[PDB]
Amino acid sequence: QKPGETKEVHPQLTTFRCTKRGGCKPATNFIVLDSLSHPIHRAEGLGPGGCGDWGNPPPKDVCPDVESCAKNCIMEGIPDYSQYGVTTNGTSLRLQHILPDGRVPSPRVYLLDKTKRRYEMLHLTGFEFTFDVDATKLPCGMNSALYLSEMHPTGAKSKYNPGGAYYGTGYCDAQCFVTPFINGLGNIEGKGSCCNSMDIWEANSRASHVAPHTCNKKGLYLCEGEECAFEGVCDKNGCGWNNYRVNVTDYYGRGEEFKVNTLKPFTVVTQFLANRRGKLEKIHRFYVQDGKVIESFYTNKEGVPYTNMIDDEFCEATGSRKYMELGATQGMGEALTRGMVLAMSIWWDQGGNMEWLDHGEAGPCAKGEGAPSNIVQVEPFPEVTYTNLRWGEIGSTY
Ligand SMILES: OC[C@H]1O[C@@H](O[C@H]2[C@H](O)[C@@H](O)[C@@H](O)O[C@@H]2CO)[C@H](O)[C@@H](O)[C@@H]1O
Ligand SMILES: OC[C@H]1O[C@@H](O[C@H]2[C@H](O)[C@@H](O)[C@H](O)O[C@@H]2CO)[C@H](O)[C@@H](O)[C@@H]1O
Ligand SMILES: *[C@@H]1O[C@H](CO)[C@@H](O)[C@H](O)[C@H]1NC(C)=O
């Protein structure tokens, strides 16, 4: 969509690049909301309304073709990101799901480089990524997410998408969802927006999940028909790693009886361990809290390989079939090596209560507990804060 007259004022966020010799050194980055979360309206004289809702192609009245859509649909800059529940303070990023006035912005943002016109491209195979988090205000059913998608570095800036990454264009993920614009272009045929996604963190105060999701296509792929479905180009389920799912119940939760006590802030370390020929072999998650390293649990479940890291043996044995079919850990690593964009978000699930995250095999939450209608009775204003985003040499971030 065509950028409007309103100014885009990106929150600044300091992050770090780390080595063993030099420690963690500060870097300036910026934060951008998803393009379609910006106000979208029509060109002068065309009346009120937007240019389509999530799940749909854009409307034919204004978007009969890409060229027309590009001139008839206007995307405004956001001059005050706090209106969308997005604020920064030095090295901290705060995402508010619900604002005091009752708006539910459910923000999703990306990390821009210091120029504001290209995403910061992270290349994590053979390196580690770490952050600090406050998960206290995330009850059952909430998903705070910090993850990587293989988006185009300028958001596919082009003739009909002059806005590009500066306006947060180009989002994709392993679910291949239909959005009315893809790569900043009207999605006239209602294709899905697919790409590899590495879910470093999907969590709340009750459960913590890690999952690589492979696709058999590089970068953003516009899928049609069955390509967008379960047996298609992308791994919807992912290879999930959650202590509960592997029969470890005392590792992560609200209180002193858990190794990682989510009533207090903590540090989250993720290492992407490569084999001698440079390909990804294992993903290793551990934590730090109150100045003490908390090593990963090992799996503790009959029929599950004994391991403290995600790898192909584990993913195969736990039934992560599309993960394996669409590239396995090497394939995930190949995407990581090419480079990926960092996305951070907070969201809930009206259809399914986020049960896969924290209910049943995945956590302590009861049936119905994670419904949005209940979430607000438990925590009226869910939020997350991510602090001191930092990446670099193995061993150097913590
Ligand atoms: O379901 C809608 C929400 O999707 C979130 O992104 C997911 C993505 O779809 C998955 O493939 C995987 O990568 O995890 C992501 C993080 O949970 C998105 O961040 C939200 O904004 C959407 O509401
Ligand atoms: O798009 C929603 C959500 O899906 C997650 O996968 C779930 C899936 O929704 C559920 O139907 C299936 O039975 O279990 C998987 C988990 O194994 C996915 O992992 C998330 O990233 C995604 O946000
Ligand atoms: C689950 O863990 C408990 C505690 O270690 C153990 O006694 C039990 O046998 C495990 N169950 C399975 C199915 O592995």
Side-chain angles (χ1 to χ4, degrees), residues 2-13 28-44 46 49-54 56-59 62-63 66-88 93 95 105-122 147-173 177-188 191 193 195 219-220 222 339-347:
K2 180 175 146 166
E5 286 280 320
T6 310
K7 291 296 193 189
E8 184 80 358
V9 178
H10 298 105
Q12 191 171 296
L13 182 69
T28 295
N29 283 104
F30 293 92
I31 292 290
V32 67
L33 274 156
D34 185 70
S35 63
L36 299 181
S37 303
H38 289 68
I40 306 303
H41 64 90
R42 301 170 178 214
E44 289 166 336
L46 300 188
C51 287
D53 302 313
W54 185 90
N56 295 303
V62 288
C63 297
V66 169
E67 185 170 12
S68 300
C69 202
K71 296 181 295 199
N72 290 336
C73 295
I74 310 302
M75 171 173 55
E76 293 299 332
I78 293 168
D80 180 4
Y81 268 55
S82 76
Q83 300 302 317
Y84 294 81
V86 180
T87 58
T88 60
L93 170 67
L95 304 178
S106 190
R108 180 170 74 248
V109 300
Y110 321 117
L111 196 75
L112 289 168
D113 82 10
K114 61 185 193 176
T115 73
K116 302 174 175 177
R117 293 149 170 98
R118 188 180 194 254
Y119 297 119
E120 187 69 52
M121 303 302 299
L122 289 83
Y147 65 105
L148 302 170
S149 276
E150 203 186 355
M151 295 159 53
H152 181 105
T154 66
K157 184 183 182 313
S158 66
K159 170 184 196 181
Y160 296 133
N161 177 25
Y166 189 92
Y167 289 87
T169 67
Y171 184 68
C172 57
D173 65 32
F177 293 130
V178 178
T179 52
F181 293 75
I182 293 176
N183 275 340
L185 305 178
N187 182 18
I188 312 303
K191 292 195 187 181
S193 187
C195 62
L220 191 156
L222 286 84
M340 312 276 283
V341 175
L342 182 67
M344 290 167 287
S345 74
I346 187 166
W347 65 280

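Quick note: residue numbers are just sequence positions, from 1. Note: hydrogens, waters and symmetry copies are ignored here, and every other heavy atom, side chains too, is used.
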* Main-chain N/O of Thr6 paired with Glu76 side-chain donor or acceptor, under 3.5 Å -> yes
* With the side chain counted from C-beta on, respond yes when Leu93 and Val86 share a heavy-atom pair under 4.5 Å apart, and no when they do not. => yes
* If we only count heavy atoms from C-beta on, is the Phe181 to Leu36 side-chain gap below 4.5 Å? -> yes
* Do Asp113 side-chain atoms and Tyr119 backbone N/O form a donor-acceptor pair below 3.5 Å? -> no
* Of all heavy-atom pairs between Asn29 and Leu112, which one has the smallest distance, and what is that distance? -> ND2-O, 2.9 Å
* **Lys116 atom NZ, neighbour heavy-atom count above 12 within 6.0 Å** => yes
* Keeping the roles fixed (side chain from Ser149, backbone from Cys172), state whether a donor-acceptor pair exists under 3.5 Å. => yes
* Mind listing the closest non-hydrogen atom pair of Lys71 and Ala43 along with its distance? => O-CB, 3.6 Å
* Asked: Would you say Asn56 has more than 12 foreign heavy atoms packed within less than 6.0 Å of its CG?
  -> yes
* Asked: Would you say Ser106's side chain and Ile346's backbone share a donor-acceptor pair under 3.5 angstrom?
  -> yes
* **CD1-CD1 distance between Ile40 and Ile74, expressed to the nearest 0.5 angstrom** => 9.0 Å
* Structure fact -> Between the CE atom in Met344 and the CG atom in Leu13, the distance rounded to the nearest 0.5 Å is 6.5 Å
* Does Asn183 reach the side chain of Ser158, with side-chain heavy atoms less than 4.5 Å apart? -> no
* Partner set under salt bridge (charged side-chain N to carboxylate O under 4.0 Å, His left out) for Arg118, not counting sequence neighbours -> none
* Structure fact -> Here the gap from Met151 atom CE to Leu220 atom CG, rounded to the nearest 0.5 Å, amounts to 8.5 Å
* In sequence, state the C-alpha distance, the side-chain angles, and the governing distance for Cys63 and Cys69, and then conclude on disulfide bond (SG atoms under 2.5 Å apart). => CA-CA 4 Å; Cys63 297; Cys69 202; 2.1 Å; yes
* Asked: If you take all heavy atoms of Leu46 and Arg42, which pair is closest and at what distance?
  -> CB-CB, 3.9 Å
* Asked: What's the shortest heavy-atom distance between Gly77 and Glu8, and which atoms?
  -> CA-OE1, 3.2 Å
* Structure fact -> side-chain contact (heavy atoms from CB on, under 4.5 Å) with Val341: of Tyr110, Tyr171, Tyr147, only one passes, and it is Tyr110
* Is the backbone N or O of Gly155 less than 3.5 Å from a side-chain atom of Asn161, with the two atoms forming a donor-acceptor pair by type? -> yes
* Asked: Atom CE in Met75, atom SG in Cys51: separation rounded to 0.5 Å?
  -> 11.0 Å
* Check whether any side-chain heavy atom of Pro3 sits under 4.5 Å from a side-chain heavy atom of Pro162, and report yes or no. => yes
* To do: Could you tell me which non-hydrogen atom of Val32 sits nearest to which non-hydrogen atom of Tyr167, and how far apart they are?
  => CG2-C, 3.8 Å
* **Donor-acceptor contact below 3.5 Å, side chain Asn72 vs main chain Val62** => yes
* Give a yes or no answer on whether the side chain of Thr88 reaches the backbone of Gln12 with a donor-acceptor pair at less than 3.5 Å. => yes
* Less than 4.5 Å apart, any side-chain heavy atom of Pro58 and any of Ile188? -> yes
* **Contact summary for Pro39 and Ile78, nearest pair of heavy atoms** => CD-CG1, 4.0 Å
* With distance as the sole test, does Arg108 use its side chain to make a donor-acceptor pair with the main-chain N or O of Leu33 at under 3.5 Å? -> no
* **Test item: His152 side-chain N/O and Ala165 main-chain N/O as donor-acceptor pair under 3.5 Å** => no
* Structure fact -> So CG of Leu342 and CE of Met121: to nearest 0.5 Å the spacing works out to 10.5 Å
* Asked: What distance separates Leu222 CG from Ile182 CD1, expressed to the nearest 0.5 Å?
  -> 4.5 Å
